[PDB]
Amino acid sequence: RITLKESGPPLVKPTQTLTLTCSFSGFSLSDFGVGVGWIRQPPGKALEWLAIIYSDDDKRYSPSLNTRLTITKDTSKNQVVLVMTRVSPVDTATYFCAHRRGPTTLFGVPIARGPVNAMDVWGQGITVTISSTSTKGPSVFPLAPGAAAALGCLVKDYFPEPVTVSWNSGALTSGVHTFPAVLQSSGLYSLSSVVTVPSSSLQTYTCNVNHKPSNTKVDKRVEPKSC
Amino acid sequence: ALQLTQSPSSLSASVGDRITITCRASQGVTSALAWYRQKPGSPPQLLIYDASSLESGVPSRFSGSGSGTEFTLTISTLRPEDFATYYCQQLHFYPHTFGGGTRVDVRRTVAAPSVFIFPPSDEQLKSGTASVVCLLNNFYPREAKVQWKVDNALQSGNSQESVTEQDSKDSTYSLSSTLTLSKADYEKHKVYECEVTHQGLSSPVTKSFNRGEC
Amino acid sequence: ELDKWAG
């Protein structure tokens with residue numbers, strides 16, 4: 001059984017250097033033709049290939065990132081390290097390392113190369129956020145209005161993830177939509193949480209927001225304005 | 001470099017259906033192509049290697065064929081765990097490219113979004129910023145287009161949006177879009193509009209308000 | 001260029 005696992009800092013600041021380690025078990029980077037590669041996935045985006053290293057020590061890099069990447073192996077520790085320099089916000093992504101089989105051998109003779117055509121086992125992935133932001137609590141603002149009515153709370157400018165939002169201390173669940181946060185160009189996150197109700201219920205509505213990182217709890221009652 | 005284009009980018013289906021996803025390469029990649037299935041929150045999982053070989057432990061309903069520039073993955077009888085995003089990967093040329101992915105989600109009847117526009121709170125305005133949010137609630141299919149207009153000027157580069165995951169009961173999606181402006185710019189205009197295009201809407205729907213109107 | 005195990 002082959003397993004891989006990524007480790008490194010969850011948070012990194014722009015211009016800094018990011019070092020990611022892939023520790024694995026079940027194979028050796030001294031085994032014939034084996035490879036270990038790195039692939040990343042920005043939130044909501046496609047997979048992007050970064051680099052790979054083989055047991056005979058040949059290395060290859062994405063041409064778009066070549067100047068900022070270094071991949072290396074430590075055979076005796078069963079680890080592969082990928083160093084990315086000068087990171088910027090667009091480098092925020094989940095980073096995965098993965099195993100690549102070498103050709104099948106028969107009495108130590110390569111006879112099948114078809115198994116090298118895939119990365120067959122992947123690590124769970126490690127989430128890395130690139131922001132110069134310091135820990136900071138959200139500002140919470142009201143969002144106020146088939147014949148459904150909508151209202152919500154805009155949880156703005158906080159760092160880092162995550163934040164939790166519930167409605168009426170947990171009693172309101174139907175019609176609730178809490179969207180995934182977006183990382184603003186400022187380096188702070190922002191999210192909305194809304195709830196749809198029969199245009200008659202306008203019943204009271206309060207969003208309970210909690211950002212553990214900054215010890216910031218806020219309850220904000222939201223109503224249909226006009227005094 | 002080499003381009004790998006997946007089709008369709010998104011696909012709706014129901015348990016028991018037969019689906020086929022295709023991947024086309026800009027130059028021939030021989031048989032060096034792999035297919036993966038990735039479920040939300042998890043790493044991609046290898047299904048098919050070398051264009052058509054079934055990876056060990058992978059269920060037989062998955063099948064891959066093709067070589068050169070055109071490949072296909074077919075799942076013969078879709079199971080609930082197959083609602084996910086699929087990717088193809090080329091390993092003939094460096095860099096070892098991935099396709100854009102194809103999202104497979106639960107099919108349900110077309111439903112237009114209920115649209116709502118929210119002006120910025122007076123509380124936010126006092127801090128100097130103005131957020132205008134637009135909500136597209138419970139729609140299907142997933143693709144939707146939101147266009148912000150301020151006093152009829154098309155907005156660009158000053159909004160961000162996020163979409164919920166498919167609802168497990170509804171099978172619909174919801175989308176939130178935030179237009180952000182300084183309090184000053186905000187004050188220099190009157191009509192804030194959120195224009196929405198979607199398959200379930202005969203023509204675009206616009207929700208708007210005039211700033212300061214009381 | 002070409003993959004390792006190609007040719």
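Here is the naming used below: chain letters follow the sequence lines, and residue numbers restart at 1 for every chain. Values reported hereafter were calculated over all heavy atoms of this structure, with side chains retained and with hydrogens, waters and symmetry mates removed.
- Shown here for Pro119(B) and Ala144(A), the closest heavy-atom pair between the two residues is CD-O, 4.2 Å.
- Counting all heavy atoms, side chain and backbone alike, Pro43(B) lies closest to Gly123(A) at CB-O, 3.3 Å.
- Chosen from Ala32(B), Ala1(B), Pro44(B), the residue pairing most often with chain A at heavy-atom distances under 4.5 Å is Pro44(B).
- Using a 4.5 Å cut-off between heavy atoms, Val140(A) touches chain B through its backbone atoms (N, CA, C, O) alone.
- In this structure, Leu135(B) and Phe179(A) approach most closely via the heavy-atom pair CD1-CZ, 3.7 Å.
- With a 4.5 Å cut-off on non-hydrogen atoms, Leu183(A) touches chain B through its backbone but not through its side chain.
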May I have a table of the donor-acceptor pairs connecting chain B and chain A at distances under 3.5 Å?
| residue | atom | partner | partner atom | Å |
| --- | --- | --- | --- | --- |
| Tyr36(B) | OH | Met119(A) | N | 2.9 |
| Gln38(B) | OE1 | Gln41(A) | NE2 | 2.7 |
| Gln38(B) | NE2 | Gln41(A) | OE1 | 3.1 |
| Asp50(B) | N | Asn117(A) | O | 3.1 |
| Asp50(B) | OD1 | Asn117(A) | ND2 | 3.0 |
| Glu55(B) | OE1 | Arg101(A) | NH1 | 3.2 |
| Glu55(B) | OE1 | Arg101(A) | NH2 | 3.1 |
| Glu55(B) | OE2 | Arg101(A) | NH1 | 3.1 |
| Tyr87(B) | OH | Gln41(A) | OE1 | 3.4 |
| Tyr94(B) | OH | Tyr54(A) | OH | 2.5 |
| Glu123(B) | OE1 | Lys220(A) | NZ | 3.3 |
| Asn137(B) | ND2 | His177(A) | ND1 | 3.1 |
| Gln160(B) | NE2 | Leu183(A) | O | 3.4 |
| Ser162(B) | OG | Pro180(A) | O | 2.8 |
| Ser174(B) | OG | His177(A) | ND1 | 3.1 |
| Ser176(B) | OG | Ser192(A) | OG | 2.8 |

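- Heavy-atom distances place the backbone of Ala149(A), and not its side chain, under 4.5 Å from chain B.
- Summarising the geometry of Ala46(A) relative to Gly99(B), their closest heavy-atom pair is CB-O, 4.2 Å, with the distance given to 0.1 Å.
- For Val116(A), the part sitting under 4.5 Å from any heavy atom of chain B is the backbone (N, CA, C, O) and nothing else.
- The part of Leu154(A) that comes within reach of chain B is its side chain, from C-beta onward, which places non-hydrogen atoms under 4.5 angstrom from that chain.
- The candidate from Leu47(A), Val182(A), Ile39(A) with the greatest count of non-hydrogen atom pairs under 4.5 Å with chain B is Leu47(A).
- Neither the backbone nor the side chain of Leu50(A) comes within contact range of chain B; no heavy atom of the residue lies under 4.5 Å from a heavy atom of that chain.
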